[PDB]
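Take 1 as the starting number for the sequence shown in PDB author numbering and just add one per residue.
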Amino acid sequence: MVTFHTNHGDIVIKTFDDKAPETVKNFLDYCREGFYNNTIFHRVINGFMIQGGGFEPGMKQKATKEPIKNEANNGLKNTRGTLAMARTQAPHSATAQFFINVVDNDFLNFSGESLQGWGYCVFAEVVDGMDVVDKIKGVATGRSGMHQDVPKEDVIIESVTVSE
């Protein structure tokens, strides 16, 4: 389990270690080093989800390492209050980026080893903090010179805790 302490509120995530052991190990290995401490929610899109953990509050690109393969063939799905990993550029380039699904979005799921079909691996789910997820996407929006489709109000993960 992972707890995020954000400046908009506390959020709790349950990891799928039985469904995504390699994906979860790499996530926890970063949280264990504190690599998600002082990281931002760097995307918000109307009628779609929020992405986070990929940058610092100065739009500084972090030292992302150890790209993971896409474990989406575990048969898990993307709905309201679930988490999956984001890629760098290729489908097996998921280093250290994730998102929280604020809507039901079937098109992110697995089909059957067909490149136009299968999306991204659900490594985890939200357990608590849905009201904070709805705050982070609901406060206000306005795009910047370095990153577009961002909240205009500041959303940071101030600290992180791994729970068992």
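Positions of the beta carbon are idealized from the N, C-alpha and C atoms, including for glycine.
- Put simply, of 133, 25, 45, 103 the residue whose alpha carbon is nearest the alpha carbon of residue 11 is 133.
- Between residue 83 and residue 17, the alpha-carbon positions lie close to 13 Å from each other.
- Looking only at 120, 5, 27, the smallest Cα-Cα distance to residue 89 is reached by 120.
- Taking a contact as a CB-CB distance under 8 Å, the pair residue 6 and residue 127 does not count as one, their CB atoms being some 15 Å apart.
- Scanning the segment 19–71 from its first residue to its last, the whole beta strand (DSSP E) runs of 3-plus residues come out as 50–52.
- For residue 45, the closest alpha carbon among the candidates 161, 8, 138, 146 is that of 138.
- With a cut-off of 8 Å on Cβ pairs, the segment 20–27 is not in contact with the segment 141–151, counting fewer than three such pairs.
- Selection 48, 49, 57, 50 evaluated against residue 36 yields 57 as nearest (Cα-Cα).
- Contact annotation: the segment 69–81 does not touch the segment 25–35, with fewer than three C-beta pairs closer than 8 Å.
- Going by beta carbons, residue 103 and residue 49 fall inside the 8 Å limit.
- Going by beta carbons, residue 136 and residue 8 fall inside the 8 Å limit.
- Bounds of the beta strand (DSSP E) holding residue 14 are 9–15.
- Among the bridge pairs identified by DSSP, residue 110 is matched with none.
- Restricting attention to 96, 151, 130, the CA atom closest to the CA of residue 70 is found in 96.
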